[PDB]
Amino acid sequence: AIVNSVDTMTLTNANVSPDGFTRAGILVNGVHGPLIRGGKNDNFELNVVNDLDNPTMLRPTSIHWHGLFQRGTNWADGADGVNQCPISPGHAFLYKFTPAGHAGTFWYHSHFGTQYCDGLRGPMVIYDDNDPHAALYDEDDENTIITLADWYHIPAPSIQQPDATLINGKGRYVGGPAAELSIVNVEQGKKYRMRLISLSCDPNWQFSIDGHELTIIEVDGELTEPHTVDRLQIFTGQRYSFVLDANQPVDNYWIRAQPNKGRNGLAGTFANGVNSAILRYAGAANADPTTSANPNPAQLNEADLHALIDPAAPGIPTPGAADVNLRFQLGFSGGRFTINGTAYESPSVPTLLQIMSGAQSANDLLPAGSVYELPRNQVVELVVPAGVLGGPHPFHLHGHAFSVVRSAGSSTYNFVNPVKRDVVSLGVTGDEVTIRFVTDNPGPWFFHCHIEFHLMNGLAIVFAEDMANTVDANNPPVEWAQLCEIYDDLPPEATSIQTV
């Protein structure tokens, strides 16, 4: 169950039934989404061995280590088509990188097509030896992690709405068997750093724990001042650490994660234990909770979250006064999502290899219309107005965390101490989510909607950041460029997809 910072991750197919329904899925070292853990200065060496052979799911793979900036290791970032070609079935690839002092709650997932929706994803926690919030809790370990995952009864390639919400890999579907629910154990009077992670391919969840508050202290691998709420909405790939103060009577309490969509009314109920897990106090019975949610919760508003360390947003504290000011117009036309009129389509040679081969400017890079060059060591402000169908769209920027100077639902800006994070919901029509970051990381980085079906239908762009220093900054192993030659040589039967 635990993958260490130096380890092997062997990918196989197996039949799984996390909600009591059996289907074929993907395992990592014989386990469903095992935790990867390490320390902030660790030199990670993860040999990803692709032994996938079930043709009803994608077989080639690529792993993204979500939230790690990968400075100087752009070739390990994992987005197929941008940072590497996929690792082919029967071959392996050794990713090497370091958090470089960046502690936090992260997650890993395939970044090849919609494969992570089939289960190739898991939590990744990087602990700090000098954590600023250490006095606020007693415990923080493999038992204080709470993952949320959308689970479908049909393999991703054959999707025509989630059948279940899995909490720590377990959950029920409407009309399903009374499958075992996950248990989070706590002892009255103790305080826990609970690390809540969305492994979602699509849905967002309204998360709450009956009788308890959530004291948020970390957001997407970035510390915040402690901000307490009763309920929060968490979007694809976001993470929150909240201190859970086990200050209620010894009892069982429902953990609730209500999705925005789902089959057979899953979005609107908790009946029969769907969308649920159990918080059990030591001494309480081996039984389900009979608790109810707070009927008047304080709901998280992202604009209330404030960065703790180096809080100021970069640049002149005036909207549109960054060094580089980009406004992106999302669209949906002719069956595909577009950004500034162009639907993202993966190139035949991954962006980083295009640059290592000689591309000097964005004009030389493919695909045309999807690549935006950024200069070195400048402040970039991106404005991405909501409105395009299928929202709310949670966009994620690889290579950087950003300050959200203007969140959804707010008309106000905060340049003094806005929250920093790496996935942000663009909100609804009228919202103009605005984020800032510094171009301190040479290499090509994806910027896209993390709803996997949207990314696959075109909602993405690539930033070719500091092209001139990209070759000097990054030194891929010889096996990295060899991925594309091995991949491009694959016979038709090695990549065929059996629809079911």
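In this text, residue numbers run from 1 along the sequence as written.
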{"item": "Unmodelled deposited residues between residue 160 and residue 161, binned", "value": "1 to 3"}
{"item": "Segment of higher mean CA temperature factor, 81-89 or 229-237", "value": "81-89"}
{"item": "Stretch exceeding the other in mean C-alpha B-factor - 361-369, 258-266", "value": "361-369"}
{"item": "Peak C-alpha temperature factor (PDB record), options 105, 73, 403, 333", "value": "333"}
{"item": "Given 457, 441, 434, 62, the residue at which the Cα B factor reaches its maximum", "value": "457"}
{"item": "Entry-reported Cα temperature factor of residue 413, expressed as the chain third it lands in", "value": "highest"}
{"item": "B-factor third for the C-alpha atom of residue 452 within its chain", "value": "highest"}
{"item": "Cα B factor band for residue 51 (lowest, middle or highest third within the chain)", "value": "highest"}
{"item": "Assigned third (lowest, middle, highest) for the C-alpha B factor of residue 474", "value": "middle"}
{"item": "Third of the chain's Cα B-factor distribution that residue 208 belongs to, per the entry", "value": "lowest"}
